[PDB]
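Structural description and commentary
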Amino acid sequence: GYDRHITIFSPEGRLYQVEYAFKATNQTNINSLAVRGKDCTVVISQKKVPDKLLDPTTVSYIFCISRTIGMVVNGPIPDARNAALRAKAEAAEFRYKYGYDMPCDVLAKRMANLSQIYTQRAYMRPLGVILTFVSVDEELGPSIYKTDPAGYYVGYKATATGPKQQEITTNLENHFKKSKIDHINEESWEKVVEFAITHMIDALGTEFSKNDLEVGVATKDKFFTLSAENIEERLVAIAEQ
Amino acid sequence: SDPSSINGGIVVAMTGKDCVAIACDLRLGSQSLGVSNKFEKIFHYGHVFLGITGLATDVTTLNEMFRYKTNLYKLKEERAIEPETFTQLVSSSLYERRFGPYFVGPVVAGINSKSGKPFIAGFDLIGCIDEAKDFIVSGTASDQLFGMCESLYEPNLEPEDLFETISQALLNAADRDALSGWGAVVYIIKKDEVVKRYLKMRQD
Amino acid sequence: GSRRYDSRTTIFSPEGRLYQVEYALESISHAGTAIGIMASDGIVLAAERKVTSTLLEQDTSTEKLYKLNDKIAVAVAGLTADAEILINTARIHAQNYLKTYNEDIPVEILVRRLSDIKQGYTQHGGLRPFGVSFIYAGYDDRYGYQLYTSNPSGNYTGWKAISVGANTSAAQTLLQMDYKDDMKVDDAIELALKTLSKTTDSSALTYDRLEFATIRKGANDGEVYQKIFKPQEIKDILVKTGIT
Amino acid sequence: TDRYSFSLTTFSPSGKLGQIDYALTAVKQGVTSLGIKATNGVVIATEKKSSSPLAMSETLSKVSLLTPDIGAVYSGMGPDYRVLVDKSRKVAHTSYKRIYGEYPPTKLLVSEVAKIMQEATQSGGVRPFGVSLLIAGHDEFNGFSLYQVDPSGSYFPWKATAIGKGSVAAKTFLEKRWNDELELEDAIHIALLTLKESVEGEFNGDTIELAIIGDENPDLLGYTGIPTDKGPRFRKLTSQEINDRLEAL
Amino acid sequence: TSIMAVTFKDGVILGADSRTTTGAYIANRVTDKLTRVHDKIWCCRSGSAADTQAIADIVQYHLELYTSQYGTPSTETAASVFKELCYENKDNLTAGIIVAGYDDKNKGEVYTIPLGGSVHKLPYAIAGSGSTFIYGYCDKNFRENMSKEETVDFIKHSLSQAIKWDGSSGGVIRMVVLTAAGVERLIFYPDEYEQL
Amino acid sequence: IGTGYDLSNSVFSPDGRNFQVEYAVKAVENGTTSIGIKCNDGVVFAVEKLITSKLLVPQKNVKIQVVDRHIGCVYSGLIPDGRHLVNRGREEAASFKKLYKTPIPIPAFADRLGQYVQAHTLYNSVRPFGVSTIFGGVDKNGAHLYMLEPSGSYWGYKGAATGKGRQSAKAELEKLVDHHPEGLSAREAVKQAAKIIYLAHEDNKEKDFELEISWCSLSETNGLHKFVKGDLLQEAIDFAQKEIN
Amino acid sequence: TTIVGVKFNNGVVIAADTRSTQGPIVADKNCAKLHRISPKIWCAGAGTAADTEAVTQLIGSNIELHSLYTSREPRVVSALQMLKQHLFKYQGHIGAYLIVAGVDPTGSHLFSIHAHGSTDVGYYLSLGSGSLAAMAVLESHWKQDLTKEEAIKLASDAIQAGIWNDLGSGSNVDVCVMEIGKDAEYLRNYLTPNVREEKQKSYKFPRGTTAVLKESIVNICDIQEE
Amino acid sequence: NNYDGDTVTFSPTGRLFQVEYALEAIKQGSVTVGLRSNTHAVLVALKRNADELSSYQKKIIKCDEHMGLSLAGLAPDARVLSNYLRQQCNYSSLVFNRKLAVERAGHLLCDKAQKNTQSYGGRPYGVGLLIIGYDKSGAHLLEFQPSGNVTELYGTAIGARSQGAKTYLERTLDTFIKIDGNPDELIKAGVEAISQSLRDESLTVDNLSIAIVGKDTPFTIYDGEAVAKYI
Amino acid sequence: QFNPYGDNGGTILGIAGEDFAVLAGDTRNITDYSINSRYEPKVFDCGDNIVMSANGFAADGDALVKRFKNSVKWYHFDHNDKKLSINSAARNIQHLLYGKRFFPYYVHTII
């Protein structure tokens, strides 16, 4: 009667409602591509500014969670600020009670549970966002953990998101099938960002400007985003390619 | 005065080879006045024997407390509880009431059915598991018991050497202590057979 | 809204009748037979399992005989999951009564208590009822053996011989026909297997679908010993009554 | 907030609870998993699957350790398995381990996980779990023991069993290969072999996860010098080990 | 026990001993009383030892979150966090913290919080219980706006006097230097000032 | 399939859209027009306040309420509900000011109100907001300006509008950053805040109105939110009358 | 109760006495005093005898949780920060003074924690009633950079200082040596001083010496059925 | 459809229908007319009895010694709000030594009405109050909607056939403000105003209830023989 | 430590007349050997023809007087401008006193 409107199982054993969350993570229309270097991890995203009046600086989709862990969000921006907020609150809470900085492995599990709990109570709406968590662990190496609206997560060599992500996934696939290694090899992080931009220029069929990009890199013990001035510099190095 | 010396009571426990024995007095006083010469301080859940010293009322409260917990153990896992497993439950029940605790001092004595080893253990007020393979003594004539018991005892005894040692140990502290004595019961716990032997002794 | 999505499980129909209660008894007919026969020296409790397989261990499955306390056992008919919740509540409720009065709980008292919890959910809170029906085999000094069935509604009525679960109609009428008051446990065993042979939903009455238990006064020192039989003793007694 | 305090697990008119049946539907969509109980071990096996080949399955756990003697394996929902493994760990320690000083028997832990199933049919605002677990384990009193916990909330002890999408084929193959006496090396030889008639993707040790609860190890205990304690009887096998034994089928 | 902090041209330099007596028996003598509560805002602990550390953990939890959501805290901000925990459990939590730190916009600042919990800004602070012997030394020979070399001697020379006159002050003198150049630890062993 | 997807708001329709929250945008359209010019110096708010009859009292009612001492909050849509969102941040800011002893940043505030308006879209027990607020101010991180949709979404802006005249206002601010490429002081920007409200009263030329203008600027009021009044205001009005003739 | 915890170049070695007291009377000649949070996080405890055993068992519980929830080794800090926090709430009504030691992937550690929530770090700490004595021996023989074979001797002579001169301490001396990325070795009853002489005679007795009033046999068995 | 029996659900036309229906509670209530000046505000209320033996329903409720509210909606709902206004008037006097401002008292009022229109099982209050009062800013007349929207007016009316009173006041608007220091006339201009809402209901000594507030007068309610010199 | 009650002295004398009443009290306000103020009332009008004085310790005096002038107000409000008797004022005052009986008031109150 009703079962596509709350969070109880259908005759087929499926949760239609949970299925709509995966068709609501594509409304932004933003593509992201995230690759693991030797000692660095890189995430590049599109950033669009619809109008004149809007200022791009504030328009973001790369939110800094820990001080080592960033999170790049595809899908609607309300569910992104709430998801950022909780994840951030937890990250602090872990430091407080166990006295070290949070493993990414655990924040991916932690948020997976909370995601799930929203499909497990009827009132609470689950959050329609795919979060990609980028880090450089101090025990677990460079990693990417991606959560999704079911409250599932799995690790990645590399990953892509957005609506046009089929194209992107295949490009990524070829590079590691050909190579037969699970991560990009190169010690300088500047060039892992470079490799990344090319693979996105080919996959999406477009060249870019500095404002169409917003680039975040996690090195060891810190997360930062590159300014737009610095991003132009990354774009010149593709003519040297 | 002391909340654990206002009715007295003692428990002695000894191991032997292939046997244990435990024993208590039968005195319930209210201070100076003797009220009863037939109150037990030993109880038995299954083939485990739990002797409980200290304040009068908490002996009894605590007996019906473990009566409750032993029933649920046996029902779920379909066997009588072992001595070693039980000792952990005696510790936790004391510790739950960490503040304003049960003013007792129990003694666990058994012989494991899964290994055939004599096994004994003790507790204070708050309950710290006191391993031994000698003997554990507890109560208000415990200062006397610790000296007396050690002196006669030879490491390992036969099942009926063990009746002569733990009987004398108990008698001689109990007639040099004012809140102990007054009739006493000594148990010899073998593999499968427990005999309860009351003792002829001084009533004055 | 949240008012929309409410089932309303605690309303009277226009007939005066509780939908969820009628359905609870309905679903207990899918679950296996359970029989109890009250002798004048013990009680025989015998139940036919709701599922059997050729890969299943059939020698530690408990889904029919469960001990609530030392001298009171149940036979189960309904879903076992539902029964497991109430079974740990009963085990507690019994064990409490022993704790405070230092005497083991009367059979009357323990059975009215289970019915009251069940009644409660159909009475208030908007929660489904538990679809379980128990036959209690139990002893006390007060009237000796008592046999009792309670239902998911929460009412208990005494019985001399009773059946709940699968083929209810078939078993109860047959039981009236063979009933005498001169039976003793030997006879009571034999009739309980014989009624199950008639209700059997399989090829023959086989050991591997039986749980079987008794509470006997022939047990030593003038006291009830509850004996839950192993399947190797069920297999022995199945030759004794001559079915196989 | 909350404003739901009424069940959404309800009886149908011809009897049978509708919701516990639907939940059991979601299980037979999922992966194929098996457990074979031998005389000296229990072996469990499951098949690992990923979004994409760029997803690793070496950082995902479809076999978990609950206590050092009792492991788990599932067929059903990944998300439901995740929460139900954690709540079991938490209740294993808090409702017995503190109090009784040792880890729970296999039966006793099974019994506890069955009430969690029950409270997601009962109590307002919740729907049932959508996993059937095998919980294999070892305790000192039941020997080695195999149980199958289901969304219904009931458990059944087995001799060997299957759950998942290949369940019907699996159990017909398992009927003919269970023997009264099974050695631990023979048990592994049946369990890989059954799972192989239920695979149609890649067959490698990186896609087949196998874990034994064989006999004990004083090398994964982390210490020596207490002879009371004998280490984990649970021992998950890495991809390489499983792979040698695939070439030896 | 003696704790201090002094403002100077390039920022603020913090200073501590390392003896923690309880009774007549010195529990620890290499105590590191200088705690990082952010990454450019360090504090100094004195008083009831468990009750200062407990508070500091909570302040750390507050500032780690403050950074992650709202942006980097200031000396002012951190001190405020500190105050309001001492102030609202002021009967049982007994804490004297000197919160010192280098802002990139206001330079070094010092706050002193005594046991009631009231903030007070100061151009150098002293709190403790070994700092009642060096009160008159610290005021006469101190100058506001000293160059770097001078500052490091000013805090050494005071603690040398504190060591001398107070027996609950001793061991190593630890200094942490907070500047725009960064975060630099110096350590001075006893012969190096007992020489003077 | 099925019937509904508009009875509750912790449903999601299949497209990937919401409801109720999608419908709540139409509710904000029924409101009046309200603008914000983010100046270099600060921000200048202005709001069209309708005068229905002469029965009402002029310059005695407001849609510009202060939050903290340095943040204008000015709103359109359903006015009691918009006042509840203003009420909420007065509470929020006072707690922050207690806790951390500094005037609450605009970027902090932007996060805080955002989470709350998001929060009502996650239960079916409460109604989604059917107002949009345009808020900003001057704190020590520079001048900032924000618009917060009832969707729970907010962005940076340097010019905002909402309500009926959001088409003409959005377009006329496009013109305003394209007149001035190096920007303009807040003193001049009072006069444009008047002009584009009068141009967004041609969508409401069945009515007559009184204009409220307010400013928070670093150096015209020392970073403090006040009302523009008196002689400076009457000059903004005269400029705007000439501009529409 | 003398408990040393001595850090060394490749690890940490923590050793304790085997005496458990209850008042002036020696409860147990031999009892364990080193307990196991985690297989790589050992601890010994001094202060109140029950509250040593339970608080170790309890933060023991939550770390074992936590190590398995993270799929990684449980760190020394993880333990330390929970202990600390837990003890402060009761405001020093739970009497425990633990030497906490251990190795982890991020090196060798050694901590001490007071009953409220002070925590200190040296390369050698001691708590107990023996603390004073223990500590004296260490400061003379100890240097930076000690080998294993060196370390263990320093730990043993340190507890023996404890035994001679402290009366809360006695009997055997237990050791547990931990090195980084090697198994943690428990050498219970490493060094035995004070070995009990032969008693002057036997105090065994012929049969029948004591007097029985009555006898019975009482049943521990379940009711049977013939 | 079900948008109309749920106070938590919109409405594809961008409304809520419940507040609207609640606004119709005011139309079926009785008529009242308020008019104010700079020194005196006045409420002139038409009470309305049920039948011949029934009493007449009081429609001016004393809120304080300088504040009064009058209902025009439904009476039971008005009894929840009347207390609330009294409660915040005594709290303002008690704590801050302040005779609670009229304008600020409106703003409290808003948020009590809003929080039940946001919440399910709740309802908007069906009553709509006209609230007079005399503070240091002078006299004021507030019109409180069931919406929770408050507005400040020289004179207005709500009830049944309210539009005709608004007209009498829209004309005579510039007469009564410049009346100051003469409460006698201010009372007289509202009698004529509520007479345009009649339909042969007349005004007697049992129908008319006036209450005034001054700079030299507290709160007073006239009724009986005290409104019989102002028919 | 803390001590929670003082005394601020002064004296009252209530004389019930035969057709009149008089309630007098000195207005001297002191603390210890200090004179706080020459003049500061200890007789307050409550209106509705009842005078009240609570003399003793000032801080209670101000609050219990205050809580009486609201019980006057609320009486007029909900019993609809009925007259409040001296006799009904008394009974009412007794509950105000008694409401705190474990941290009690400190004033002798005469009406």
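Residues numbered from 1 in each chain as written, not as in the entry; some residues may be left out. Chains lettered and ligands numbered in written order. Part of a larger assembly, values for the part shown. Heavy atoms only, no water.

This entry, as listed in the PDB, derives from cryo-EM and reports a resolution of 4.1 Å.

Thoughts on the overall build of chain I
Selection rule: Elements are defined by DSSP. Helices are runs of H or I of four residues or more, strands are runs of E of two residues or more, and each kind is numbered from the N terminus. Residue burial is assigned from relative accessible area. The probe radius is 1.4 Å, only protein chains are included, and a residue is buried under 20% of its type maximum, exposed over 50%, and partly exposed in between. Whether two residues are in contact is decided by their heavy atoms, any of which lying within 4.5 Å being enough. Method for areas: the Shrake-Rupley scheme with a 1.4 Å probe, in which residue coverage is limited to the protein chains shown.
Secondary structure assignment for chain I yields 2 helices and 7 strands. Structurally, chain I occupies a C-alpha span of about 45 × 35 × 20 Å along its principal axes. Residue burial in chain I is summarised as follows: out of 111 residues, 28% are buried. In chain I, once contacts between residues fewer than 6 apart in sequence are set aside, the share between residues at least 24 apart is 51%. Accessible surface for chain I amounts to roughly 7,800 Å². Of this, 53% is attributable to carbon and sulfur atoms.

Regarding the packing of aromatic side chains
Selection criterion: Pairing of aromatic rings covers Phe, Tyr and the six-membered ring of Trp, with a centre-to-centre limit of 6.5 Å; geometry is then stacked below 30 degrees between planes, edge-to-face above 60, and tilted otherwise.
Summed over the entire model, instances satisfying the criterion amount to 50 aromatic pairs over all chains. With centroids separated by 5.4 Å and ring planes inclined at 45°, the aromatic side chains of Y73 of chain B and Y100 of chain D adopt a geometry described as tilted. Remark: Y100 of chain D occurs in helix α2 (residues 78-100) and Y73 of chain B occurs in helix α1 (residues 56-77); the pair is interchain, linking two chains. The class of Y73 of chain B is buried, set by a relative accessible area of 4%. Judged by relative accessible area, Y100 of chain D falls into the buried class, the value being 10%.

Digging into the pairing of strand β2 (residues 11-17) of chain G
Successive side chains on a regular strand alternate, one facing one side of the sheet and the next facing the other. Residues and elements named next belong to chain G. Operational definition: At least two bridges found by DSSP between two strands are what make those strands a pair.
Buried residues dominate β2, accounting for 7 of its 7 residues. Note: strand β1 (residues 2-8) against β2, 6 bridges, orientation antiparallel. Each bridged residue has a counterpart across the sheet, and for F8 the counterpart in β2 is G11. In terms of strand pairing, β2 meets strand β11 (residues 173-179) through 7 bridges, oriented antiparallel. Residue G11 lies in a different strand from β11, and its bridge partner there is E179.

Section: the side chain of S57 of chain D
All names here are of chain D. The following threshold applies: N or O atoms closer than or at 3.5 Å make up a polar contact, with two conditions inside protein: a donor-capable atom paired with an acceptor-capable one, and, for residues adjacent in sequence, both atoms drawn from side chains.
With respect to the helices and strands, the residue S57 is situated in the loop between β2 (42-47) and β3 (63-67). Taking the relative accessible area as the measure of exposure, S57 reaches 14% and is therefore buried. Only 3.5 Å separates the side chain of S57 from the backbone oxygen of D206, close enough to count as a polar contact. Here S57 is in contact with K48, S50 and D206, once residues within four sequence places are set aside.

Some words on the pattern of salt bridges
Using the following cut-off: The salt bridge definition used is simple: a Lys or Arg side-chain nitrogen within 4 Å of an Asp or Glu carboxyl oxygen.
Counting across every chain of the model gives 75 salt bridges over all chains. With a closest N to O distance of 3.1 Å, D82 of chain C and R128 of chain C form a salt bridge. Here the residue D82 of chain C occupies a position in helix α2 (residues 80-101), and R128 of chain C occupies one in the loop between α3 (107-123) and β5 (132-140), the gap between them amounting to 46 residues. Each member of the pair, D82 of chain C together with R128 of chain C, is buried. With a shortest N-O distance of 3.5 Å, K121 of chain E and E109 of chain E are connected by a salt bridge. Residue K121 of chain E is located in strand β9 (residues 120-122), and its partner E109 of chain E is located in strand β8 (residues 107-113); the two are separated by 12 residues in the primary sequence.

What about the sheet that holds strand β6 (residues 142-148) of chain F?
Residue and element names in this part refer to chain F. What counts here: Interaxial angle, 0 to 180 degrees, is taken between N-to-C directions of lines fitted to C-alpha atoms, where a helix line uses only the stretch in contact.
An order of β3-β4-β5-β6-β7 is seen for the 5 strands of this open sheet, with the pairing classed as antiparallel. Two strands in the sheet have a free side with no partner beyond their single neighbour: β3 (64-67) and β7 (154-156). Strand after strand, the sheet turns through a mean of 25° between neighbouring axes, direction not considered. The pairing of β6 with β7 spans 3 bridges and is classified as antiparallel. By the bridge assignment for β7, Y146 is matched with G156. Each of β3, β4 (71-77) and β5 (131-139) touches helix α2 (residues 79-100); the most contacted strand, β3, lies at about 20° to it.

Observations regarding the interface of chain B and chain G
Note the threshold: In short, buried area is how much 1.4 Å probe accessible area vanishes from two parts on joining, totalled over both.
Taken together, the contact pairs 42 residues of chain B with 41 residues of chain G. Across the chain B to chain G interface the summed buried area is about 3,500 Å²; carbon plus sulfur atoms make up 55%. Where chain B packs against chain G, one counts 7 salt bridges. As a salt-bridge pair, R98 of chain B and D51 of chain G come within 3.1 Å of each other at their nearest N and O atoms. Inspection of the chain B/chain G interface yields 14 residue pairs in polar contact. The sheet contact formed by strand β12 (residues 194-199) of chain B and strand β14 (residues 217-218) of chain G spans 2 bridges and is antiparallel. Its bridge partner being in β14 of chain G, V195 of chain B is matched across the sheet by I217 of chain G.

Quick word on the arrangement of the chains
Taking contact number as the criterion, the leading pair out of 19 pairs of chains in contact is chains B and G. Spatially, chain B and chain F are disjoint, and the shortest separation between their C-alpha atoms is 36 Å. Separated without contact, chain E and chain H have their nearest C-alpha atoms at a distance of 24 Å.

Describing the pairing of strand β12 (residues 183-188) of chain E
Residue and element names in this part refer to chain E. Strand direction decides the pairing type here: strand β11 (residues 173-178) and β12, joined by 6 bridges, are antiparallel. Considered in β12, the bridge of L178 is made with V183. Hairpin connection, β11 to β12: the antiparallel pair is bridged by 4 residues, and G182 has positive phi, about 150°.

A short note on helix α2 (residues 86-98) of chain I
Residues and elements named next belong to chain I. Stated formally: Multiplying one less than the number of residues by 1.5 Å gives the expected span of a helix. Our arc is simply the arc of the directions from the helix axis toward the C-beta atoms.
The end-to-end C-alpha distance of α2 is 19 Å, a good match for the 18 Å that 13 residues give at a rise of 1.5 Å each. Listed as buried for α2 are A89, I93 and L96. Seen along its axis, α2 keeps its buried residues to an arc of 55°; they face one direction. Opposite the buried face of α2, by more than 90 degrees, sit the exposed residues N87, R91, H95 and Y98.

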